[PDB]
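With mmCIF, C-alpha atoms and all ligand atoms inside, this is final39.cif:
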data_work
loop_
_atom_site.label_atom_id
_atom_site.label_comp_id
_atom_site.auth_asym_id
_atom_site.auth_seq_id
_atom_site.Cartn_x
_atom_site.Cartn_y
_atom_site.Cartn_z
CA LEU S 1 135.24 160.53 141.51
CA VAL S 2 132.44 158.86 143.46
CA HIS S 3 133.19 156.08 145.94
CA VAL S 4 130.02 154.33 147.03
CA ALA S 5 130.14 152.30 150.23
CA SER S 6 129.29 148.66 149.55
CA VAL S 7 128.71 146.38 152.52
CA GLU S 8 130.87 143.24 152.50
CA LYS S 9 128.43 140.63 151.28
CA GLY S 10 126.00 139.46 153.94
CA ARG S 11 127.97 141.01 156.81
CA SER S 12 126.42 142.80 159.77
CA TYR S 13 127.29 144.32 163.15
CA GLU S 14 128.25 140.98 164.70
CA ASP S 15 130.81 140.25 161.97
CA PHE S 16 132.56 143.56 162.54
CA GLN S 17 132.42 143.20 166.32
CA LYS S 18 134.31 139.92 165.86
CA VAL S 19 137.02 141.74 163.90
CA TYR S 20 137.11 144.50 166.52
CA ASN S 21 137.50 141.81 169.19
CA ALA S 22 140.36 140.08 167.37
CA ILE S 23 142.19 143.40 167.05
CA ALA S 24 141.51 144.25 170.69
CA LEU S 25 142.68 140.85 171.95
CA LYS S 26 145.91 141.12 169.96
CA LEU S 27 146.43 144.65 171.31
CA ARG S 28 146.24 143.16 174.79
CA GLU S 29 148.51 140.20 173.90
CA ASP S 30 151.33 142.02 172.09
CA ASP S 31 152.15 144.33 174.99
CA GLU S 32 155.94 144.54 174.57
CA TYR S 33 155.98 146.55 171.33
CA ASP S 34 157.87 149.87 171.35
CA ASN S 35 159.19 149.60 174.92
CA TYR S 36 155.82 148.44 176.25
CA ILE S 37 153.70 151.15 174.66
CA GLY S 38 151.90 148.45 172.68
CA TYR S 39 150.42 148.80 169.20
CA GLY S 40 147.58 151.19 170.11
CA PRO S 41 149.22 154.45 169.05
CA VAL S 42 150.69 153.16 165.78
CA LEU S 43 147.27 151.77 164.76
CA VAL S 44 145.69 155.18 165.37
CA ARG S 45 148.41 156.81 163.30
CA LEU S 46 147.89 154.24 160.53
CA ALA S 47 144.15 154.99 160.37
CA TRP S 48 144.91 158.71 160.13
CA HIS S 49 147.59 158.34 157.43
CA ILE S 50 145.48 156.14 155.18
CA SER S 51 142.71 158.77 155.48
CA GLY S 52 144.85 161.89 155.39
CA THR S 53 145.82 161.48 151.74
CA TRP S 54 142.32 162.67 150.81
CA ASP S 55 141.82 165.73 148.62
CA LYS S 56 138.37 167.30 148.78
CA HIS S 57 138.91 168.93 145.38
CA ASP S 58 138.87 165.76 143.26
CA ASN S 59 138.10 163.02 145.81
CA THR S 60 141.46 161.34 145.27
CA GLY S 61 143.13 159.48 148.15
CA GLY S 62 141.22 158.81 151.35
CA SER S 63 140.52 155.61 153.25
CA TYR S 64 138.08 154.07 150.75
CA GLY S 65 140.47 152.28 148.41
CA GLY S 66 142.81 150.65 150.92
CA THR S 67 145.72 151.83 148.78
CA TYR S 68 148.28 151.77 151.62
CA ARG S 69 148.71 148.09 150.68
CA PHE S 70 150.53 149.23 147.52
CA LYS S 71 154.27 149.92 147.51
CA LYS S 72 154.10 153.58 146.48
CA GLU S 73 152.02 154.48 149.54
CA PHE S 74 153.49 151.86 151.88
CA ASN S 75 156.91 153.37 151.12
CA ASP S 76 155.90 157.01 151.53
CA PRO S 77 158.60 158.59 153.72
CA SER S 78 155.70 160.17 155.67
CA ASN S 79 154.54 156.64 156.56
CA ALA S 80 157.84 155.40 158.00
CA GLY S 81 157.07 153.20 161.00
CA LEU S 82 153.50 152.35 159.98
CA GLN S 83 154.69 149.02 158.58
CA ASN S 84 154.52 147.86 162.20
CA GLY S 85 150.79 148.57 162.24
CA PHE S 86 150.34 146.79 158.92
CA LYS S 87 152.18 143.71 160.18
CA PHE S 88 150.04 143.71 163.33
CA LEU S 89 146.88 143.68 161.20
CA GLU S 90 148.07 140.98 158.77
CA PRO S 91 147.02 137.98 160.88
CA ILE S 92 143.68 139.71 161.51
CA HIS S 93 143.12 140.08 157.78
CA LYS S 94 144.04 136.42 157.30
CA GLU S 95 141.42 135.36 159.85
CA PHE S 96 138.81 137.66 158.28
CA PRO S 97 139.75 137.77 154.59
CA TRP S 98 136.33 139.18 153.68
CA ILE S 99 136.95 142.60 155.22
CA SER S 100 138.26 145.27 152.83
CA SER S 101 141.67 146.82 153.45
CA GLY S 102 140.24 150.31 154.04
CA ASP S 103 137.70 148.90 156.47
CA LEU S 104 140.43 147.00 158.31
CA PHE S 105 142.86 149.92 158.58
CA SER S 106 140.18 152.35 159.76
CA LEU S 107 138.65 149.82 162.17
CA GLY S 108 142.12 149.27 163.62
CA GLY S 109 142.21 152.95 164.57
CA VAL S 110 138.73 152.90 166.09
CA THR S 111 139.54 149.75 168.07
CA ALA S 112 142.79 151.23 169.34
CA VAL S 113 141.16 154.48 170.51
CA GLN S 114 138.39 152.64 172.34
CA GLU S 115 140.60 150.00 173.91
CA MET S 116 142.91 152.78 175.15
CA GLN S 117 139.91 154.17 177.07
CA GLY S 118 139.13 156.89 174.54
CA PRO S 119 135.67 157.88 173.33
CA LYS S 120 133.40 155.57 171.39
CA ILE S 121 133.90 156.22 167.67
CA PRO S 122 130.97 155.25 165.45
CA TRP S 123 132.26 153.36 162.43
CA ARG S 124 130.75 152.49 159.05
CA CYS S 125 131.68 149.58 156.81
CA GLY S 126 131.78 149.43 153.03
CA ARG S 127 135.14 150.70 151.84
CA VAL S 128 136.10 148.75 148.69
CA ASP S 129 139.65 147.96 147.59
CA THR S 130 140.62 149.86 144.44
CA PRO S 131 143.42 149.14 141.95
CA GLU S 132 147.09 150.10 142.25
CA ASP S 133 146.73 153.01 139.83
CA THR S 134 144.37 154.74 142.29
CA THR S 135 147.15 155.04 144.88
CA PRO S 136 147.82 158.71 145.68
CA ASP S 137 151.34 160.05 145.16
CA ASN S 138 153.57 160.72 148.16
CA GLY S 139 153.56 164.19 149.70
CA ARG S 140 149.93 164.64 150.79
CA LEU S 141 150.58 164.15 154.52
CA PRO S 142 151.67 167.13 156.65
CA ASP S 143 155.14 168.38 157.61
CA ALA S 144 155.89 168.82 161.32
CA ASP S 145 158.40 171.71 161.09
CA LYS S 146 155.79 174.33 160.20
CA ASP S 147 153.61 176.95 161.88
CA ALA S 148 149.91 177.45 162.63
CA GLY S 149 149.16 179.03 159.26
CA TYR S 150 150.56 175.94 157.55
CA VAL S 151 148.48 173.62 159.75
CA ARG S 152 145.30 175.62 159.10
CA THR S 153 145.79 175.67 155.35
CA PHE S 154 146.85 172.03 155.21
CA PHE S 155 143.72 170.82 156.95
CA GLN S 156 141.41 172.80 154.65
CA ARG S 157 142.24 170.17 152.01
CA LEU S 158 140.68 167.57 154.36
CA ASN S 159 137.67 169.83 154.98
CA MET S 160 138.58 170.33 158.67
CA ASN S 161 138.02 173.60 160.54
CA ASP S 162 139.89 175.02 163.55
CA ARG S 163 137.98 173.01 166.15
CA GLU S 164 138.31 169.79 164.17
CA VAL S 165 142.05 170.33 163.73
CA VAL S 166 142.67 171.03 167.40
CA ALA S 167 140.51 168.04 168.41
CA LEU S 168 142.24 165.65 166.00
CA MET S 169 145.68 166.77 167.19
CA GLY S 170 144.70 165.58 170.66
CA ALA S 171 145.63 162.09 169.45
CA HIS S 172 149.19 163.30 170.09
CA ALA S 173 148.55 162.34 173.71
CA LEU S 174 149.46 158.89 172.38
CA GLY S 175 152.74 157.17 171.62
CA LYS S 176 155.93 158.97 170.69
CA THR S 177 158.16 160.15 167.89
CA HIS S 178 161.09 158.01 166.76
CA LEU S 179 164.21 159.69 165.37
CA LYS S 180 164.71 157.01 162.72
CA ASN S 181 161.14 157.44 161.42
CA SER S 182 160.52 161.18 161.40
CA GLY S 183 163.64 163.02 162.61
CA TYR S 184 162.01 163.81 165.96
CA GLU S 185 163.22 162.44 169.27
CA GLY S 186 160.47 160.85 171.30
CA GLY S 187 159.62 161.95 174.81
CA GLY S 188 157.28 160.60 177.46
CA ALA S 189 154.82 158.28 175.73
CA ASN S 190 151.34 157.14 176.70
CA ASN S 191 148.94 154.37 175.70
CA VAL S 192 145.87 155.76 177.45
CA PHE S 193 143.65 158.18 175.52
CA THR S 194 143.01 161.38 177.50
CA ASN S 195 143.07 165.16 177.03
CA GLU S 196 146.62 165.36 178.40
CA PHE S 197 148.08 166.71 175.14
CA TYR S 198 146.33 170.00 175.89
CA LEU S 199 147.26 169.99 179.58
CA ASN S 200 150.90 169.35 178.65
CA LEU S 201 150.85 172.21 176.14
CA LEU S 202 149.51 174.67 178.71
CA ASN S 203 151.28 173.52 181.86
CA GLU S 204 154.81 172.44 180.93
CA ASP S 205 157.87 174.67 180.74
CA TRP S 206 158.78 174.28 177.07
CA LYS S 207 162.27 174.84 175.63
CA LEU S 208 163.02 175.04 171.91
CA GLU S 209 165.90 172.62 171.38
CA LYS S 210 167.66 170.86 168.51
CA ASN S 211 167.59 167.08 168.41
CA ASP S 212 170.24 164.69 167.10
CA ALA S 213 168.79 164.92 163.59
CA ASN S 214 169.39 168.69 163.71
CA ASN S 215 165.66 169.46 163.82
CA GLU S 216 163.98 171.81 166.27
CA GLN S 217 161.40 170.52 168.75
CA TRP S 218 159.95 171.72 172.05
CA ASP S 219 161.10 169.79 175.13
CA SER S 220 160.23 169.91 178.82
CA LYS S 221 162.28 168.94 181.87
CA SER S 222 159.59 166.40 182.75
CA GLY S 223 160.56 164.58 179.56
CA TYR S 224 157.72 165.55 177.22
CA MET S 225 158.12 166.89 173.69
CA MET S 226 156.01 168.78 171.17
CA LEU S 227 156.48 169.10 167.43
CA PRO S 228 156.63 172.64 166.03
CA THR S 229 153.17 172.00 164.57
CA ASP S 230 151.90 170.88 168.01
CA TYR S 231 153.31 173.98 169.70
CA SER S 232 151.71 176.17 167.01
CA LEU S 233 148.36 175.38 168.63
CA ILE S 234 149.31 177.67 171.54
CA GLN S 235 151.03 180.30 169.38
CA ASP S 236 147.91 181.03 167.31
CA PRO S 237 145.23 182.80 169.37
CA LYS S 238 142.30 180.95 167.76
CA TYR S 239 143.84 177.54 168.30
CA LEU S 240 144.87 178.55 171.84
CA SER S 241 141.28 179.20 172.90
CA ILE S 242 140.29 175.71 171.77
CA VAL S 243 143.31 174.12 173.45
CA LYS S 244 142.17 175.75 176.69
CA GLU S 245 138.64 174.49 176.19
CA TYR S 246 139.73 170.87 175.77
CA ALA S 247 142.24 171.13 178.63
CA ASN S 248 139.32 172.07 180.86
CA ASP S 249 136.63 169.70 179.57
CA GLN S 250 137.50 166.04 179.04
CA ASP S 251 133.98 165.13 177.89
CA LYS S 252 133.88 167.91 175.30
CA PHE S 253 137.23 166.81 173.90
CA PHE S 254 136.02 163.20 173.72
CA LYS S 255 132.84 164.13 171.89
CA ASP S 256 134.57 166.46 169.44
CA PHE S 257 137.41 164.02 168.78
CA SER S 258 134.92 161.24 168.12
CA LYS S 259 133.06 163.31 165.52
CA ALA S 260 136.23 164.58 163.84
CA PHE S 261 137.91 161.18 163.74
CA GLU S 262 134.86 159.49 162.24
CA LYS S 263 134.66 162.29 159.67
CA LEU S 264 138.36 161.90 158.84
CA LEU S 265 137.91 158.13 158.34
CA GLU S 266 134.81 158.69 156.18
CA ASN S 267 135.99 161.56 153.96
CA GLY S 268 135.46 160.71 150.29
CA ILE S 269 132.85 158.00 150.86
CA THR S 270 129.28 158.22 149.64
CA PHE S 271 126.92 156.21 151.83
CA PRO S 272 123.65 155.06 150.19
CA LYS S 273 120.51 156.28 151.96
CA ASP S 274 119.70 152.66 152.85
CA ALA S 275 123.20 151.84 154.12
CA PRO S 276 123.39 150.48 157.67
CA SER S 277 123.64 152.99 160.49
CA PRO S 278 127.10 153.49 161.97
CA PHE S 279 128.21 150.73 164.33
CA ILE S 280 129.28 151.42 167.90
CA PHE S 281 131.44 148.54 169.05
CA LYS S 282 131.59 147.30 172.62
CA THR S 283 135.04 147.23 174.21
CA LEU S 284 136.45 143.95 175.48
CA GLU S 285 135.85 145.30 178.97
CA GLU S 286 132.17 145.97 178.24
CA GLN S 287 131.82 142.40 176.93
CA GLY S 288 133.56 140.79 179.91
CA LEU S 289 136.28 139.51 177.58
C1 LIG S 301 149.93 168.68 161.52
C2 LIG S 301 149.46 167.45 161.71
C3 LIG S 301 150.35 166.29 162.18
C4 LIG S 301 151.68 166.18 162.11
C5 LIG S 301 152.69 167.16 161.48
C6 LIG S 301 152.04 164.92 162.72
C7 LIG S 301 153.32 164.42 162.83
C8 LIG S 301 153.68 163.29 163.54
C9 LIG S 301 155.02 162.77 163.68
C10 LIG S 301 156.28 163.41 163.04
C11 LIG S 301 154.96 161.68 164.44
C12 LIG S 301 156.14 160.77 164.85
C13 LIG S 301 156.19 159.54 163.95
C14 LIG S 301 157.35 158.67 164.36
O1 LIG S 301 158.48 159.20 164.48
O2 LIG S 301 157.14 157.45 164.56
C15 LIG S 301 153.58 161.47 164.81
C16 LIG S 301 153.11 160.45 165.61
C17 LIG S 301 151.79 160.17 165.85
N1 LIG S 301 150.70 160.82 165.26
FE1 LIG S 301 150.78 162.62 164.29
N2 LIG S 301 150.90 164.28 163.18
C18 LIG S 301 149.84 165.12 162.86
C19 LIG S 301 148.50 164.86 163.12
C20 LIG S 301 148.01 163.69 163.66
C21 LIG S 301 146.62 163.30 163.70
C22 LIG S 301 145.48 164.15 163.10
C23 LIG S 301 146.55 162.10 164.30
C24 LIG S 301 145.32 161.22 164.61
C25 LIG S 301 144.11 161.71 164.85
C26 LIG S 301 147.89 161.73 164.69
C27 LIG S 301 148.25 160.60 165.36
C28 LIG S 301 149.52 160.24 165.72
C29 LIG S 301 149.83 159.18 166.64
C30 LIG S 301 148.84 158.29 167.41
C31 LIG S 301 151.33 159.12 166.73
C32 LIG S 301 152.16 158.15 167.59
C33 LIG S 301 152.60 156.98 166.72
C34 LIG S 301 153.50 156.03 167.48
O3 LIG S 301 153.65 156.15 168.72
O4 LIG S 301 154.09 155.15 166.80
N3 LIG S 301 148.76 162.70 164.26
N4 LIG S 301 152.81 162.47 164.25
#
Would you put the structure from the file into structure tokens?
Amino acid sequence: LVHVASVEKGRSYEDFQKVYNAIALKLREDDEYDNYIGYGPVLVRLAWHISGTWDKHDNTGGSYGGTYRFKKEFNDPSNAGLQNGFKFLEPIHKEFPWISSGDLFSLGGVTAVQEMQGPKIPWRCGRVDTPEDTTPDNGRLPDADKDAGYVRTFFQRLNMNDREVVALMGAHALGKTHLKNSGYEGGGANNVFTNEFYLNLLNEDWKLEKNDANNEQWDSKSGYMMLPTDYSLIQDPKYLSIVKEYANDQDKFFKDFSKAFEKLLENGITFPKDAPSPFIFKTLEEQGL
């Protein structure tokens, strides 16, 4: 399968900056969501889940087709809770009906990262909605109750290496788990993008406990939690080295996350040689808005 990026007709940087701005303004406005976390984290998770269905072997899944809009994918047990992100984006899509679904979902993630003070993430337009029969089956997103070997193997399907995996997982500085969604009991949440996932891993006194859904998770007295797959990053010696690197270099983490997240959001897409360069959107703050 080949998915060729096709620019929404006549659109350019300014059009997409307007969409970015609408998302960013709504992120600022709707501040009460999820006990005042806001919609930032769920939008990042949405962008990842619509991308993380990709399979490098046959180019099925991925962000291109915007298939999360279809019931099979929308109702994936792995996507429980993301409906909130979709509902957030609905009025945005209504205001800008010309943007494709894949472009909107991925741009939501970029906007959220940047507005939460994370790194700039270059972003490319041109995802094109594909039909319902192109929706990937459930079961392509990762389990959280597994070890480092599982994580490593899983991410090979997305063409991610050890550094890319550890960098991407840094997004777990954001938001929280919700028992009703995933069977994991949320701890201290955050809506500012930093390298504190790695600092928490290395510095907290972690205890392996069972939550009210009878699943194991790692908890600290300070009120933080880690999934078994999160904690696996300090159990595996190769992942541990990289965790230490990012814990000690905020800029390096930002740069590596930016590259890995763009790659994740672009997997499966063929960009014509004369396609526009990636866009780097200004934050509301940078615009004085
Ligand atoms: C082994 C890989 C991963 C596993 C097993 C995993 C699992 C989970 C689980 C179980 C939750 C809780 C969902 C809920 O209860 O609402 C969660 C939340 C989240 N995940 Fe991951 N995740 C992984 C990788 C990633 C990646 C690569 C990203 C983005 C780069 C990401 C971004 C997020 C964000 C931002 C949240 C917070 C959502 C919210 O607060 O509503 N995760 N993850």
Report the centre and edge lengths, in Å to one decimal, of an axis-aligned box enclosing every atom of ligand LIG 301 (chain S) listed in the file, padded by 4 Å on each side, as AutoDock Vina command-line options.
--center_x 151.3 --center_y 161.9 --center_z 165.1 --size_x 22.4 --size_y 21.5 --size_z 15.2
Residue with smallest distance to ligand LIG 301 (chain S) - pool S:236, S:162, S:216, S:34, counting only C-alpha atoms and all ligand atoms: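 Using only C-alpha atoms and all ligand atoms, the shortest distance to ligand LIG 301 (chain S) belongs to S:34.
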Would you list the contacts of residue 63 in chain S as a VMD selection string, taking every protein, DNA or RNA residue within 6 Å and counting all atoms listed in the file, but skipping same-chain residues closer than 3 positions in sequence? chain S and resid 50 to 51 66 102
I need the residue nearest residue 158 in chain S from this list: S:233, S:171, S:202, S:264. Use only C-alpha atoms for the distance.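 With only C-alpha atoms as the atom set, the closest residue is S:264.
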Pick from S:163, S:71, S:49, S:28: nearest to residue 255 in chain S, with only C-alpha atoms counted?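 The answer is S:163, which sits nearest to residue 255 in chain S.
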Pick from S:274, S:32, S:145, S:76, whichever lies nearest to ligand LIG 301 (chain S) using only C-alpha atoms and all ligand atoms: S:145
Nearest residue to ligand LIG 301 (chain S) from the set S:142, S:188, S:118, S:62 (distances using all atoms listed in the file):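 Among the listed residues, the smallest separation from ligand LIG 301 (chain S) belongs to S:142.
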Could you name the residues that touch residue 266 in chain S at 12 Å or less, counting all atoms listed in the file, but leaving out those on the same chain fewer than 5 positions away, as a ChimeraX atom specification? /S:3-5,47-48,50-52,54,56,59,61-65,102-103,106-107,121-127,158-159,259-261,271,278
Which is closer to ligand LIG 301 (chain S) than all the others in S:25, S:144, S:2, S:104, using only C-alpha atoms and all ligand atoms?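 Result for the nearest residue to ligand LIG 301 (chain S): S:144.
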Have a look at atom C1 of ligand LIG 301 (chain S) and CA of residue 215 in chain S and let me know their distance in Å, one decimal.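 Value for the atom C1 of ligand LIG 301 (chain S)-CA of residue 215 in chain S distance: 15.9 Å.
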Mind rebuilding range 43-54 of chain S with N, CA, C and O atoms and writing that out as an mmCIF file, in the frame of the given file?
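That gives us selection_10.cif:
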data_model
loop_
_atom_site.group_PDB
_atom_site.id
_atom_site.type_symbol
_atom_site.label_atom_id
_atom_site.label_comp_id
_atom_site.auth_asym_id
_atom_site.auth_seq_id
_atom_site.Cartn_x
_atom_site.Cartn_y
_atom_site.Cartn_z
ATOM 1 N N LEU S 43 148.510 152.066 165.487
ATOM 2 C CA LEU S 43 147.270 151.770 164.760
ATOM 3 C C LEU S 43 146.422 153.029 164.542
ATOM 4 O O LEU S 43 145.777 153.170 163.505
ATOM 5 N N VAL S 44 146.378 153.904 165.541
ATOM 6 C CA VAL S 44 145.690 155.180 165.370
ATOM 7 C C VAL S 44 146.371 155.999 164.284
ATOM 8 O O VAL S 44 145.709 156.558 163.406
ATOM 9 N N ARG S 45 147.699 156.055 164.316
ATOM 10 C CA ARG S 45 148.410 156.810 163.300
ATOM 11 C C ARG S 45 148.186 156.217 161.903
ATOM 12 O O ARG S 45 148.038 156.951 160.928
ATOM 13 N N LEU S 46 148.147 154.890 161.807
ATOM 14 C CA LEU S 46 147.890 154.240 160.530
ATOM 15 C C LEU S 46 146.520 154.657 159.983
ATOM 16 O O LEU S 46 146.396 155.033 158.817
ATOM 17 N N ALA S 47 145.485 154.595 160.821
ATOM 18 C CA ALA S 47 144.150 154.990 160.370
ATOM 19 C C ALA S 47 144.112 156.435 159.861
ATOM 20 O O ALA S 47 143.444 156.737 158.871
ATOM 21 N N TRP S 48 144.824 157.316 160.548
ATOM 22 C CA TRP S 48 144.910 158.710 160.130
ATOM 23 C C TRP S 48 145.680 158.862 158.818
ATOM 24 O O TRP S 48 145.216 159.555 157.915
ATOM 25 N N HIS S 49 146.825 158.200 158.676
ATOM 26 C CA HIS S 49 147.590 158.340 157.430
ATOM 27 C C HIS S 49 146.929 157.754 156.199
ATOM 28 O O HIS S 49 147.113 158.285 155.106
ATOM 29 N N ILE S 50 146.158 156.683 156.348
ATOM 30 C CA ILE S 50 145.480 156.140 155.180
ATOM 31 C C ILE S 50 144.287 157.030 154.798
ATOM 32 O O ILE S 50 143.818 157.004 153.662
ATOM 33 N N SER S 51 143.816 157.839 155.746
ATOM 34 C CA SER S 51 142.710 158.770 155.480
ATOM 35 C C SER S 51 143.196 160.140 155.039
ATOM 36 O O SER S 51 142.521 160.831 154.260
ATOM 37 N N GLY S 52 144.359 160.531 155.542
ATOM 38 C CA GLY S 52 144.850 161.890 155.390
ATOM 39 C C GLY S 52 145.433 162.216 154.030
ATOM 40 O O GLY S 52 145.869 163.337 153.793
ATOM 41 N N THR S 53 145.440 161.240 153.128
ATOM 42 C CA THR S 53 145.820 161.480 151.740
ATOM 43 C C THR S 53 144.683 162.108 150.942
ATOM 44 O O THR S 53 144.871 162.464 149.779
ATOM 45 N N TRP S 54 143.502 162.223 151.543
ATOM 46 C CA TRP S 54 142.320 162.670 150.810
ATOM 47 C C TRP S 54 142.462 164.100 150.305
ATOM 48 O O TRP S 54 143.077 164.938 150.962
#
